[PDB]
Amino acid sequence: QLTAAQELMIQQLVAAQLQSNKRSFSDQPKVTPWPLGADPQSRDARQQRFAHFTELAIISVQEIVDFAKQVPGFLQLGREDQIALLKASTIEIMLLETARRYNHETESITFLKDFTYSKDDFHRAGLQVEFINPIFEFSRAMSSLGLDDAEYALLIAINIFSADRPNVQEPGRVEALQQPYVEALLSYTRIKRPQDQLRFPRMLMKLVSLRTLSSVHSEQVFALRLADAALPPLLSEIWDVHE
């Protein structure tokens, strides 16, 4: 039912994301270790937990850019549009990738091979309850959709090619690039669950949810600033913290 062109398109996205992902696993013993045990009033341990998370965030941004560069169409856009689309999508793709790593049985997200954290751990990494509850809520709703690799890969490509992002100078081209991926996901979902026609809409609706969650994160970011910011340069640059 998938055309040969669609099978190839999807195979390459799934392979592109596996290649981007194994690059991250190469530099896992290079992230600040999560403090094992440690007195719960140690301010050094508090600092390490924050740094651990912001270093996982940096690896996530590297995976995202590395994947984007492999999505056909992406490198043919102007450089400034490439930047505009990546600046807007980064948080949203980070959250889709967090959702993919959620375990509903144990209610915990596993970053890289085996950095498994609960809500308590997100809070000890310096995150506020206003952001943590939605993240886990979104992850829980994504889990029930039961997305596979092809579906995540396609949804991410679709999310990157959102024409209405701020500062995109050629939205016509960007929207035109979104269409083959939307159509590939429409055909893929129709084959996987041919009885459930509302699965494809339910997935596109998550992109609506990701817009709100993007705002919730910007509030979290302005909240860090008013309490000892200390986000690394790549992260404070992308998310426009200083300029």
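Just count from 1 along the sequence shown to find any residue number.
A.B. asks: Once you work out the mean C-alpha B-factor for both 24-32 and 57-65 from the entry, which is higher?
C.D. replies: In the deposited entry, the stretch with the higher C-alpha B-factor mean is 24-32.
A.B. asks: Mean CA B-factor: is it higher for 47-55 or for 188-196?
C.D. replies: Averaging CA B-factors over each stretch, the winner is 188-196.
A.B. asks: In terms of the CA temperature factor given in the entry, to which third of its chain does residue 204 belong: lowest, middle or highest?
C.D. replies: Answer is highest: the recorded C-alpha B-factor places it there.
A.B. asks: By the recorded C-alpha temperature factor, relative to the other modelled residues in its chain, which third is residue 41 in?
C.D. replies: Its C-alpha B-factor belongs to the lowest third of this chain's values.
A.B. asks: Using the B-factors in the PDB entry, rank residue 96's C-alpha atom against the chain and give the third, lowest, middle or highest.
C.D. replies: Answer is middle: the recorded C-alpha B-factor places it there.
A.B. asks: Determine, from the deposited record, the chain-internal third of the Cα B-factor for residue 166: lowest, middle or highest.
C.D. replies: Its C-alpha B-factor, which the entry lists for residue 166, ranks in the highest third among residues of this chain.
A.B. asks: Could you look up the Cα B-factor of residue 212 in the entry and say which third of the chain it sits in: lowest, middle or highest?
C.D. replies: Middle third, going by the recorded CA B-factors of the chain.
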